[PDB]
Amino acid sequence: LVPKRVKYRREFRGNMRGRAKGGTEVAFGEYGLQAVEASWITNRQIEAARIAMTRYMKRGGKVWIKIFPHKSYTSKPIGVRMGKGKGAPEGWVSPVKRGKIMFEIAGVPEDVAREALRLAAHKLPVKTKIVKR
Amino acid sequence: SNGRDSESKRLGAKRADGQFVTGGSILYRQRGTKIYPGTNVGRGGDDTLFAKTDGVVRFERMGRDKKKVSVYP
Amino acid sequence: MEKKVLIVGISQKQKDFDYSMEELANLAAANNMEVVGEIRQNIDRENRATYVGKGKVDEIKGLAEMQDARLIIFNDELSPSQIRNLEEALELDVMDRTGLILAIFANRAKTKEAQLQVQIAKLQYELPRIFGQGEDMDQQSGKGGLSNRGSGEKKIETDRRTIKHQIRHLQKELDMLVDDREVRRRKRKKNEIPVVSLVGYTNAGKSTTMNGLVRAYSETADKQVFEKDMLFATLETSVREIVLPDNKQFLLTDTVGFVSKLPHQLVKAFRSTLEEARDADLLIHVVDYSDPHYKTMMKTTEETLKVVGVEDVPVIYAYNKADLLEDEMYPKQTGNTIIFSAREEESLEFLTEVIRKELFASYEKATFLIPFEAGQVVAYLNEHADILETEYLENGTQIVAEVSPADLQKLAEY
RNA sequence: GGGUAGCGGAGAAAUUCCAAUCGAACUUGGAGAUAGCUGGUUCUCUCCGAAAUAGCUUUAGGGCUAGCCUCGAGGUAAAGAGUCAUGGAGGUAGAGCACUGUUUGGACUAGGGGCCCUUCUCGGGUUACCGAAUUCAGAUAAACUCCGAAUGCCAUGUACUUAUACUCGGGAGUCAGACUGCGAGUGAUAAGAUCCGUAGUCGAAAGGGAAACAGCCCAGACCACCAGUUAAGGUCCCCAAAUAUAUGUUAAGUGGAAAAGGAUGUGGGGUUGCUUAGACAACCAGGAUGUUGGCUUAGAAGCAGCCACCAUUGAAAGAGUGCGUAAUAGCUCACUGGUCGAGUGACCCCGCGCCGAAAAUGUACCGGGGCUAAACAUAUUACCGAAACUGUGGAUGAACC
RNA sequence: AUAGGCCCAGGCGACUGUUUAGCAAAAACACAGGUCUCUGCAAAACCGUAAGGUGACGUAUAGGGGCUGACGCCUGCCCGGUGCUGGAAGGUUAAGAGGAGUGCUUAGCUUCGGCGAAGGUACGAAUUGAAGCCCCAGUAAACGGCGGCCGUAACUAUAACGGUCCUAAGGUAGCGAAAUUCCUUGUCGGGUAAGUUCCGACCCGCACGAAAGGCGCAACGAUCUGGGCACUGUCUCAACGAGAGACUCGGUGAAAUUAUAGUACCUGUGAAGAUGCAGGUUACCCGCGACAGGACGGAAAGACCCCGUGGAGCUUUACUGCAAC
RNA sequence: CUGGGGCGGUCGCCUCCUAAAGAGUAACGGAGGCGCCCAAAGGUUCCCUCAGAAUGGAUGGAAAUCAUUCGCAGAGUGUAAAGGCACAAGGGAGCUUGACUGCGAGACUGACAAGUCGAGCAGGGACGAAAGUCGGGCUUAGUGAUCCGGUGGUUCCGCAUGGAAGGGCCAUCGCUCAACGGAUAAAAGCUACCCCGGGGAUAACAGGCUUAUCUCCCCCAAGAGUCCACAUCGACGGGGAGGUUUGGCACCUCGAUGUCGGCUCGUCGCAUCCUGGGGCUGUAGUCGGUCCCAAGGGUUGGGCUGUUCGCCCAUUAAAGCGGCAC
RNA sequence: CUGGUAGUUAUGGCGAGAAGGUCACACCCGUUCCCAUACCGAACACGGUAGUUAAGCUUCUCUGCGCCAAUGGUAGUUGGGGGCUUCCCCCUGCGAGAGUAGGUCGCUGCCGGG
Ligand SMILES: Nc1nc2c(ncn2[C@@H]2O[C@H](COP(=O)(O)OP(=O)(O)NP(=O)(O)O)[C@@H](O)[C@H]2O)c(=O)[nH]1
Ligand SMILES: [K+]
Ligand SMILES: [Mg+2]
Ligand SMILES: [Mg+2]
Ligand SMILES: [Mg+2]
Ligand SMILES: [Mg+2]
Ligand SMILES: [Mg+2]
Ligand SMILES: [Mg+2]
Ligand SMILES: [Mg+2]
Ligand SMILES: [Mg+2]
Ligand SMILES: [Mg+2]
Ligand SMILES: [Mg+2]
Ligand SMILES: [Mg+2]
Ligand SMILES: [Mg+2]
Ligand SMILES: [Mg+2]
Ligand SMILES: [Mg+2]
Ligand SMILES: [Mg+2]
Ligand SMILES: [Mg+2]
Ligand SMILES: [Mg+2]
Ligand SMILES: [Mg+2]
Ligand SMILES: [Mg+2]
Ligand SMILES: [Mg+2]
Ligand SMILES: [Mg+2]
Ligand SMILES: [Mg+2]
Ligand SMILES: [Mg+2]
Ligand SMILES: [Mg+2]
Ligand SMILES: [Mg+2]
Ligand SMILES: [Mg+2]
Ligand SMILES: [Mg+2]
Ligand SMILES: [Mg+2]
Ligand SMILES: [Mg+2]
Ligand SMILES: [Mg+2]
Ligand SMILES: [Mg+2]
Ligand SMILES: [Mg+2]
Ligand SMILES: [Mg+2]
Ligand SMILES: [Mg+2]
Ligand SMILES: [Mg+2]
Ligand SMILES: [Mg+2]
Ligand SMILES: [Mg+2]
Ligand SMILES: [Mg+2]
Ligand SMILES: [Mg+2]
Ligand SMILES: [Mg+2]
Ligand SMILES: [Mg+2]
Ligand SMILES: [Mg+2]
Ligand SMILES: [Mg+2]
Ligand SMILES: [Mg+2]
Ligand SMILES: [Mg+2]
Ligand SMILES: [Mg+2]
Ligand SMILES: [Mg+2]
Ligand SMILES: [Mg+2]
Ligand SMILES: [Mg+2]
Ligand SMILES: [Mg+2]
Ligand SMILES: [Mg+2]
Ligand SMILES: [Mg+2]
Ligand SMILES: [Mg+2]
């Protein structure tokens with residue numbers, strides 16, 4: 001998951017204060033994985049969690065990724081002093097605020113959904129809760 | 001490759017609503033008409049709004065989305 | 001959108017230089033790069049300053065702008081200076097065959113043991129190319145030749161403590177993960193079960209031959225290896241129990257593929273993977289017969305196996321993908337030579353017979369008389385030997401079979 | 001014994017030698033060279049008391065003007081400060097998707113590309129391979145806004161408090177700042193990092209607390225007192241004051257470092273299934289029959305594997321829950337009557353705990369002792385506790401009578 | 001008692017000499033030899049303002065300067081650029097010469113307005129006016145520089161031979177992991193039980209490279225490098241003995257250093273490494289012989305590093321100058 | 001200038017974001033522009049409305065022009081961006097030169113130098129029937145002082161007097177002075193032969209903070225392991241501890257904390273190399289593997305490399321890893 | 001009653017449906033004159049009033065689109081305190097945006113004709 005293009009190549013880290021303004025109620029699937037505390041979810045973590053959910057379902061039922069990594073983040077290499085302008089873009093993150101349903105799934109029984117989502121949750125740097133519609 | 005920026009142009013309101021001003025007092029500095037000339041007010045060549053006569057400054061609405069500054073003696 | 005690259009080759013009196021270029025183009029497709037240009041220069045010995053003659057270095061720069069290639073790929077491993085001289089002369093990025101293979105593995109590689117092997121290679125490959133830059137770095141802008149107490153050198157251990165120390169850490173880590181293989185070997189070794197190891201060139205079809213023999217001749221036929229029409233599909237050895245319809249048992253092992261001009265650093269890592277092949281009872285060399293350059297592929301393979309340390313091991317030269325031809329018949333044998341199609345069952349049933357001729361020779365016929373009270377021994381003969389006939393008397397059961405010498409000690413009383 | 005002398009000699013050449021001095025000798029003079037640099041600069045009390053910023057600078061550790069201090073003077077609807085009221089400018093927080101960008105999933109047709117193709121791929125029939133619109137639902141933003149606060153800011157008042165303000169002169173110092181909180185950037189949402197904003201303290205602030213501890217908490221030292229009351233923080237002993245009161249929690253020395261994750265810890269709630277016409281635990285029978293159900297296989301007889309998974313005797317027993325056999329035999333469960341005589345079994349939420357938890361001289365992650373409260377929670381009240389404030393006496397500046 | 005250790009194999013320098021008085025004795029300097037160049041004699045060159053000198057009481061087989069460095073074999077291609085030397089007489093240029101004219105001034109003349117001689121004065125055009133430069137030739141033991149592309153070379157020549165493009169010309173002979181080698185502890189051998197050093201073949205410098213010489217080379221060296229024999233307290237691993245000092249006594253008697261000191265340890269704390277602060281833990285008072293962990297011990301206002309509109313020496317196609325020619 | 005200095009980059013002006021809803025506000029923070037242009041692209045009068053899509057039409061094609069309907073701007077606005085603009089500031093046409101001279105109450109902005117806006121008055125105009133508007137351009141960049149020269153003008157001065165020379169005043173022109181408040185008309189390097197003044201304001205060593213990186217330990221479990229996730233391993237991802245690495249920072253020390261390796265002497269941690277005890281094992285046995293407990297003692301002679309390290313020879317029960325100013 | 005002309009954030013607008021007409025208003029007929037078209041009497045201008053409410057115009061109904069919009073709650077937040085500090089919580093005051101109940105097919109002034 002990467003933005004096809006971006007207005008600006010570099011961008012503020014921002015902050016993660018408050019409950020997510022939207023996407024706090026499961027809207028597509030039966031079951032959803034709700035963030036309980038805030039964190040940056042990198043695209044590498046979203047892919048890890050997606051494959052983990054999907055493999056366990058065996059091409060059965062649907063998986064909605066409700067978060068997208070819109071925000072680039074930069075880094076400085078090792079052995080580079082501070083200054084000389086902002087570092088090069090490294091990757092892509094989605095700042096997930098608390099209460100944000102990150103994944104949703106439908107078309108499998110509760111037990112498989114609940115199992116799929118715990119496998120997904122173990123790849124994410126955030127405390128999760130499984131919630132249903 | 002960045003590092004540049006112009007001097008700030010100290011735009012915005014220079015006298016308050018309800019304040020006695022002398023003729024020629026700049027009321028508002030602006031690019032374009034954020035605010036429009038009212039009664040006894042003129043728009044300078046760079047959109048500066050100024051009092052044409054002495055009087056009290058009044059910022060009014062002039063129709064839903066627009067705004068104007070008048071000077072009533 | 002696959003980026004644009006340009007490939008450069010030099011015939012140092014190479015036997016089939018034409019293939020080496022086709023292959024490097026195939027490799028470039030595998031790394032996901034679009035080969036726009038093919039620059040061939042026919043000199044005897046390579047220019048130790050710019051790999052190609054300084055004349056061609058312009059002829060490339062010219063074609064690289066006309067085709068718009070972001071980087072240029074060189075068919076031989078380039079010296080450090082050899083690279084820097086091109087970087088400046090071309091004003092473009094440069095990647096030799098070694099760095100191009102190291103990229104392909106790095107992608108394809110999805111086990112720790114593999115990932116480390118390839119990290120060790122890339123570091124061993126890159127270490128030099130940083131050395132000359134790391135020494136030149138701050139020779140102009142230095143501490144006035146260090147007339148101070150600071151002590152030490154910025155000449156050595158700028159690289160050797162940045163890289164080379166971590167190469168020592170990564171080898172120490174890889175040694176620990178290959179010593180754990182001796183513990184997984186332990187049971188097979190102790191049980192003295194004969195090992196039939198597949199080798200060959202990439203795409204040869206060996207991971208497919210394996211899949212074939214696991215469908216047909218495995219108790220658990222749910223488990224097939226990854227097969228696909230890409231270069232270096234497999235990178236980690238598999239081991240699968242093959243139980244023939246007669247009840248003879250061997251292990252079938254599928255390894256990494258080989259490819260011409262394989263980096264002398266990757267070769268050190270390979271030795272760990274081919275550990276089962278060197279210790280194999282039989283060696284099955286699979287060649288792609290359908291391809292034109294198969295005598296070229298086969299010799300390049302053998303030359304590699306010698307470097308890996310595969311010596312004095314019974315070999316069988318299986319020629320594969322027969323179906324792609326119309327002239328040749330499917331199953332044929334001519335000593336070590338065997339023509340077959342990995343897709344087809346008849347081919348495998350035939351390959352199976354060839355294995356059963358080389359491994360289970362010591363299996364000879366013998367007669368046994370087992371009283372009814374010790375039935376368990378009838379089960380052993382039904383499970384661990386090929387029964388020809390099963391005779392029944394009043395005193396007990398009389399069964400004549402092909403058994404191993406190991407069984408002719410155990411059932412000796414019968 | 002002689003010669004070559006410093007803008008110079010001499011040199012089989014090293015910057016080598018020219019009186020213990022040599023990339024240019026020694027001595028006197030110019031000369032108290034110059035030094036935006038370092039060091040140093042000597043009596044006392046009283047009143048006030050900064051700055052470490054802006055701009056410009058061959059400027060960046062210098063300077064100049066301004067800002068901030070001080071002294072004097074002047075005029076002065078008091079023009080300064082706070083709050084209330086009233087008015088107003090302004091797009092941040094939040095939010096939102098109306099625009100612009102980023103984006104998920106449907107539905108919808110265009111088309112092109114796959115796919116078959118009477119075809120010249122002109123036209124059909126399919127597509128889920130792409131596709132640009134289109135709507136429906138749903139997201140997202142420092143450089144998006146249909147919206148939009150709190151504050152802050154500018155004014156006005158005939159409001160209530162308060163006491164500064166401004167102008168002109170004389171004299172400055174300052175132009176390395178630090179940390180803490182809050183809002184940002186840079187960084188890795190690292191730094192006792194760096195750079196702004198904003199408040200505070202330090203700087204230039206002693207006192208009490210935080211073991212010790214510029215920058216944290218409390219609070220400002222005119223002098224004296226063997227007086228009093230309080231702040232933060234405390235009250236078992238070191239050590240002044242509660243071994244205080246009430247109701248709970250914790251067993252970990254948790255308290256008195258540490259996460260993902262893991263778990264039959266313990267307290268409280270809240271749903272809920274079975275239950276003296278007998279549950280749940282154990283103990284006493286039974287646990288059969290078609291029948292080795294069929295296929296498969298050498299053998300598969302409940303129990304390698306595949307496919308079915310019906311009925312039967314009644315108290316009910318699966319075409320079988322685990323072991324076992326080579327296959328059989330054998331032991332066991334489910335599932336029922338009997339005995340026994342009260343509870344027993346799921347799930348969710350909260351409190352406090354547990355594991356996860358390894359570093360180098362010596363206990364060493366409460367200052368110590370030591371604590372099962374001397375810990376924690378909620379509520380209460382006494383006391384201790386500062387150079388705070390008060391009392392008494394004294395000294396002293398200013399203003400006004 | 002006093003009197004060479006020796007041998008094998010490399011690098012460098014021919015050699016004996018010379019050198020950084022006081023950290024370098026060498027591979028550096030010198031050297032004989034080589035070559036280039038200047039110099040016709042009041043020589044050139046050098047010192048000096050000059051006179052006067054050295055050169056030389058010499059005279060091209062001589063003298064000055066540059067480079068190279070015995071000897072042996074050799075020293076390739078390039079004169080396009082830069083220098084030097086010569087040529088040519090066009091272009092440009094200075095002072096000087098020249099003085100057409102033009103301002104200013106005024107005796108007059110004025111039709112008002114303006115004209116305006118003579119003289120004076122301030123400028124001044126053409127024309128004239130050298131070297132240098134611009135241009136042409138030579139010169140590399142002057143400063144310097146010494147390529148690609150495409151085929152055939154079946155081999156074998158890392159660098160041939162044949163086509164082309166460009167160049168002033170394309171690095172010749174010889175040599176090559178080197179006092180020179182990035183990949184590189186290059187590859188194979190030797191030597192060792194084990195050899196990143198050493199030695200010798202392959203590969204190798206993008207060609208190291210021919211008088212800032214290339215390649216050899218007997219003799220020579222307090223030169224550097226590798227190996228062997230001798231021999232041994234160098235070491236396994238230390239022991240004993242002698243003298244001088246140390247120590248005690250008698251005599252004599254300094255020094256650097258030093259805020260005052262009744263000057264423990266641990267863990268912490270703090271300008272982030274504490275004898276001195278906190279909490280603990282230890283500890284009777286005073287010495288002598290010993291040892292150096294600490295007192296961020298002593299010594300020297302850090303040589304490194306930065307800064308200062310601080311110096312100084314050196315360079316040059318930095319600026320501006322000056323001698324000399 | 002500079003998260004030491006050098007190298008690279010930058011230096012003045014304009015727009016935005018950073019900027020915390022007045023103004024202002026830093027960084028070698030994030031993005032872009034400028035060093036002009038226009039005789040109309042200026043003034044004024046009058047008149048007008050754009051983009052795009054649907055639909056139909058010859059050359060005509062997805063897209064030229066024409067017609068219709070729907071179209072608040074999805075266009076345009078010389079030129080970046082922001083703020084504006086459909087009564088248009090956008091588009092036509094007619095006449096024009098106000099892209100005027102003298103000024104200017106009063107404001108804004110500013111340390112100063114400068115910069116910005118300005119009603120209104122007079123002279124004389126342009127357009128307009130008049131009202132009126134017009135001292136350039138929708139607004140905000142497009143520039144550079146003084147000194148010294150040049151040209152033009154002049155009821156100014158003219159060194160006894162008349163002139164003149166020369167100066168003054170008004171107008172205007174000539175340097176990338178761009179390091180853009182401009183040291184001069186005129187300015188590059190080396191110092192390891194160095195020197196002085198200073199600085200822990202500032203680097204190299206060690207300490208400190210930090211812990212990205214590093215080492216070690218974990219979670220999840222797709223895989224590997226002959227069947228078989230968890231004997232032994234473990235991808236994609238996730239969470240910690242440590243403070244030995246590579247780094248970041250510049251807090252102590254520049255009136256000196258004076259050095260890598262080796263030698264001598266050790267001491268400490270345990271994340272244990274050996275020896276001791278145990279659990280699991282792909283533990284038949286032997287030989288092993290792995291984890292738990294365990295720091296009492298022990299833990300080597302050589303060759304090569306200056307080498308820590310490494311490689312090798314030969315041993316050993318073992319030839320542990322770290323800390324202590326490496 | 002209708003023509004003109006103002007004011008008022010669209011509660012005023014748009015869209016849909018209906019009715020009305022010498023009392024104006026309008027379209028409508030003409031191009032001789034003033035005056036027009038970068039071509040066109042379309043427009044602009046001028047002269048007519050045969051013809052018609054079809055359209056604009058005026059009045060009436062409608063909540064489909066827009067527009068306006070409480071209360072309550074929430075977000076945020078000044079000040080004051082706490083934590084386990086990517087942040088979170090408590091007290092006091094202020095208090096959105098969205099969403100919702102609901103409101104709206106305007107209101108108001110002058111002048112002429114009726
Ligand atoms: N027609 C045909 N195709 C074959 C045959 N054998 C293999 N292939 C195809 O060739 C592909 C490449 O062979 P595969 O076994 O996957 O590769 P491999 O031999 O394992 N090589 P590697 O593992 O190194 O990538 C197979 O995936 C299969 O599609 C054959 O006999 N005939
Ligand atoms: K998680
Ligand atoms: Mg700014
Ligand atoms: Mg203007
Ligand atoms: Mg394969
Ligand atoms: Mg020297
Ligand atoms: Mg001397
Ligand atoms: Mg003097
Ligand atoms: Mg002096
Ligand atoms: Mg005071
Ligand atoms: Mg926001
Ligand atoms: Mg915003
Ligand atoms: Mg700081
Ligand atoms: Mg602050
Ligand atoms: Mg101070
Ligand atoms: Mg204090
Ligand atoms: Mg204290
Ligand atoms: Mg102090
Ligand atoms: Mg009290
Ligand atoms: Mg007490
Ligand atoms: Mg007091
Ligand atoms: Mg010599
Ligand atoms: Mg010496
Ligand atoms: Mg010596
Ligand atoms: Mg003479
Ligand atoms: Mg020489
Ligand atoms: Mg000579
Ligand atoms: Mg000449
Ligand atoms: Mg060797
Ligand atoms: Mg050596
Ligand atoms: Mg020559
Ligand atoms: Mg030469
Ligand atoms: Mg020589
Ligand atoms: Mg000698
Ligand atoms: Mg004595
Ligand atoms: Mg103490
Ligand atoms: Mg001593
Ligand atoms: Mg010292
Ligand atoms: Mg000093
Ligand atoms: Mg720097
Ligand atoms: Mg720094
Ligand atoms: Mg602002
Ligand atoms: Mg005169
Ligand atoms: Mg400047
Ligand atoms: Mg030297
Ligand atoms: Mg000094
Ligand atoms: Mg410092
Ligand atoms: Mg500084
Ligand atoms: Mg350091
Ligand atoms: Mg220190
Ligand atoms: Mg700092
Ligand atoms: Mg000192
Ligand atoms: Mg342990
Ligand atoms: Mg050694
Ligand atoms: Mg040390």
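Side chains are part of it too, since the values below use all heavy atoms of this structure and drop only hydrogens, waters and symmetry mates. The sequence lines fix the lettering, A, B, ..., with proteins before strands; numbering per chain opens at 1.
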### Touch class at under 4.0 angstrom, heavy-atom based, for B:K14 against every strand present
sugar-phosphate

### Task
May I ask which nucleotide in the shown strands pairs with F:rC180, Watson-Crick or G-U wobble, both distances under 3.5 Å?
F:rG35

### Task
Using Watson-Crick or G-U wobble geometry with both distances below 3.5 Å, tell me the partner of E:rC266, or none.
E:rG279

### Task
Scan A:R44 against the nucleic acid and name what it touches under 4.0 Å (heavy atoms): base, sugar-phosphate only, or nothing.
sugar-phosphate

### Task
Could you say whether the aromatic ring of A:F12 and the base of D:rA142 stack, counting only centre distances under 5.5 Å and plane angles under 30°?
yes

#### Entry: B:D17, nearest nucleotide to its side chain (from D:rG88, E:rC304, D:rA143)
D:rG88

### Query
Does D:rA240 have its sugar in the north or the south range once you look at the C1'-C2'-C3'-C4' torsion?
north

## Note on the structure
Of D:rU189, E:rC304, F:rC13, the nucleotide closest to the side chain of B:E7 is F:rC13

#### Entry: Pairing of C:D138 and C:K143 as salt bridge, 4.0 angstrom limit
no

### Summary
Ranking F:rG120, F:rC233, D:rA191 by distance to the side chain of A:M82, first place goes to D:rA191

### Query
Is the shortest side-chain N/O distance from C:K172 to OP1 or OP2 of F:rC216 below 4.0 Å?
yes

### Query
Going by 5.5 Å between centroids and 30° between planes, is there a stack of A:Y8 over F:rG30?
no

### Summary
Quick note, C:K223 side chain, CB onward, closest among F:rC227, F:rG288, F:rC219 is F:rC227

### Query
Does the side chain of B:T39 pick up a donor-acceptor pair with the side chain of B:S70 at under 3.5 Å?
no

### Query
Do C:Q12 and C:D76 meet the criterion of a side-chain donor-acceptor pair at a distance under 3.5 Å?
yes

### Query
Now, which nucleotide makes the Watson-Crick or G-U wobble pair with F:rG276, with each of the two distances under 3.5 Å?
F:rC293

### Query
Mind checking the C1' distance from F:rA271 to F:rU244? Whole angstroms is fine.
12 Å

### Query
According to the Watson-Crick and G-U wobble definitions, with both distances under 3.5 Å, which nucleotide is paired to D:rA211?
none

### Summary
5'-most contact on RNA chain E (nearest-nucleotide basis), C:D44 vs C:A49, goes to C:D44

#### Entry: D:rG55 - base-pair partner by Watson-Crick or wobble geometry, distances under 3.5 Å
D:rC64

### Query
According to the Watson-Crick and G-U wobble definitions, with both distances under 3.5 Å, which nucleotide is paired to D:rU194?
D:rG185

### Query
Between B:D46 and B:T48, does any side-chain donor sit less than 3.5 Å from a side-chain acceptor?
yes

### Message
With rounding to the closest Å, how many angstrom separate the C1' atoms on F:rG199 and F:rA178?
### Response
35 Å

### Query
Watson-Crick or G-U wobble, both distances under 3.5 angstrom: are D:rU104 and D:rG131 paired?
no

### Message
Strictly by Watson-Crick or wobble contacts shorter than 3.5 Å, is anything paired with D:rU46, and which nucleotide is it?
### Response
none

### Task
Tell me the partner of D:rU34, counting only Watson-Crick (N1-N3 plus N6-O4 or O6-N4) or G-U wobble (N1-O2 and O6-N3) with both under 3.5 Å; none if nothing fits.
none

### Query
Between C:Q133 and C:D136, is any side-chain donor less than 3.5 angstrom from a side-chain acceptor?
no

### Task
State the sugar conformation of F:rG24 as north or south, using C1'-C2'-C3'-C4' as the deciding torsion.
north

### Query
Among F:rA203, F:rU213, F:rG6, which nucleotide sits nearest the side chain of A:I78?
F:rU213

